[PDB]
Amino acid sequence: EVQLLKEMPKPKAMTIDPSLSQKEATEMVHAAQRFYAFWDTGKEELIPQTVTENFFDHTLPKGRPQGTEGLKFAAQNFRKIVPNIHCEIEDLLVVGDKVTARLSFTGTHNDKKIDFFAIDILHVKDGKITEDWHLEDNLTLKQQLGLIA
């Protein structure tokens, strides 16, 4: 099995392609753990450790910068609305060069509880994320924030 990184989010459920070597599988699981540790903590030093310099978001939210600068922007922004935001990995699916993560995000926005999920697909090369497709339940989040319905 893969030895998970301590002090970073541990997947609640996981499926790993067994044709991957121990080194390969570890580095893919490790990349995802760093990515979600970044979303859980906002520690910007994790960015160059986790994604490549040419990181590309195929599902770029409106007004988020493309690339690594967009990751900084997004994490700070999420912390503006939800200062105590927390990210957990519900399920992690690792195959070939791809990783699917299903995430749960929780916290408080002033006097309102926040609770929404997300699903991401990561392309991982040599232990770093080169590109992603991701989606958060933005309608649920906007309602919870008091912005909609």
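So that there is no doubt, residue numbering starts at 1 and follows the sequence shown.
- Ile47: CA B factor in the middle third of modelled residues in this chain (values from the PDB entry).
- The PDB entry assigns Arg64 a C-alpha temperature factor belonging to the highest third of its chain's modelled residues.
- Placement of the Cα temperature factor of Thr41 within the chain: middle third of the modelled residues, per the deposited record.
- Among the modelled residues of the chain, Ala101 sits in the middle third by CA temperature factor in this PDB entry.
- Among all modelled residues in this chain, the alpha-carbon of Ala25 has a temperature factor (C-alpha) in the lowest third.
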